[PDB]
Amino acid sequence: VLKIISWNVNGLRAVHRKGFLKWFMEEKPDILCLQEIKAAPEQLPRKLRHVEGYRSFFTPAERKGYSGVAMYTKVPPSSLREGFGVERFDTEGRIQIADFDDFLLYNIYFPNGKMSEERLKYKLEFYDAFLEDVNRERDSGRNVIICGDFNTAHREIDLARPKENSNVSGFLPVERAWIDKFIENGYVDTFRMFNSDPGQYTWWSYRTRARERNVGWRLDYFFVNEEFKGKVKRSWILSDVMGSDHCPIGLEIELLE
């Protein structure tokens, strides 16, 4: 068994100022994937970039203090890829694809579309390039795990306000339709393997008591390819965990090598 946590951290220093290292120690995952780091390693306290028992890998954006993803793992991957080979997606610190030996791990921070019509086109194409990349890899024979902030609630059950947000980026027909197609390409949203209840979200707005009122979205997912789903034992939501506007999400898989 391998324990993997994904977490949009809303800035790595920001969360560190709120008990990140304590939490990380009590959870002891085998792999920790983080999104929205907002820093380069050289701007990070040394105790955030070197954690005992773990190996760190950082993928910052061209722009400083913007997005970027990180990976901590007890055992290091044989290599990391930091893009899809399409540069307008590869430079924003959004892609980490770590090759462990029993599987690939996609640590992805998918773009937000709310900003503008431009950023919507960008998010959707990012979705396409992503589909293309992941599909090439598993058709070639690789078992894949994809985690991270998709910035889209799949279904009505996956947010508190479907009706209100039918025309807001995050719950548009196009965006949810992409996830349907994603799943049609042979991929399973693992949480829904184990949990079919409503009121299960991973993000809440910092404003107007949204977390206390459970007015939230499920933006963070763990996907596996179909032919690998037998190996997943647990997919759950760490909703007690504070320190970001997202909470972390967990996966456990069984394998040898």
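Note that the rigid core is defined as the largest set of C-alphas that superpose within 1.5 Å between two forms. Sequential numbering from 1, following the sequence displayed.
Asker: So which moves more in 5 other deposited structures of this protein by CA, 216-224 or 38-46, given a superposition on the core?
Answerer: If we average over structures and residues in 5 other deposited structures of this protein, the farther stretch is 38-46.
Asker: Could you say which moves further from this form in 5 other deposited structures of this protein, stretch 182-190 or stretch 73-81, by root mean square CA distance after aligning on the core?
Answerer: Evaluated in 5 other deposited structures of this protein, the stretch farther from the shown form is 73-81.
Asker: Mean C-alpha B-factor higher for 91-99, or for 111-119?
Answerer: Looking at the record's C-alpha B-factors, the answer is 111-119.
Asker: Can you tell me whether 219-227 has a higher mean C-alpha B factor than 40-48 in this record, or the other way round?
Answerer: If you average the C-alpha B-factors of 219-227 and of 40-48, the larger mean comes out for 40-48.
Asker: Could you check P173, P162, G148, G186 and tell me which one carries the biggest Cα B-factor in the deposited entry?
Answerer: The listed residue with the largest C-alpha B-factor is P162.
Asker: Where does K181 sit by CA temperature factor within its chain: lowest, middle or highest third?
Answerer: Lowest third - that is where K181 ends up once the chain's C-alpha B-factors are sorted.
Asker: When the modelled residues of the chain are sorted by Cα temperature factor, does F57 land in the lowest, middle or highest third?
Answerer: Middle third by C-alpha B-factor.
Asker: Thinking about Cα B factors across the chain, which third does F194 belong to?
Answerer: Middle third - that is where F194 ends up once the chain's C-alpha B-factors are sorted.
Asker: Among the modelled residues of this chain, does the Cα B factor of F126 put it in the lowest, middle or highest third?
Answerer: Answer is middle: the recorded C-alpha B-factor places it there.
Asker: Quick check on the deposited entry: does the C-alpha B-factor of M242 sit in the lowest, middle or highest third of its chain?
Answerer: It belongs to the middle third of the chain when residues are ordered by C-alpha B-factor.
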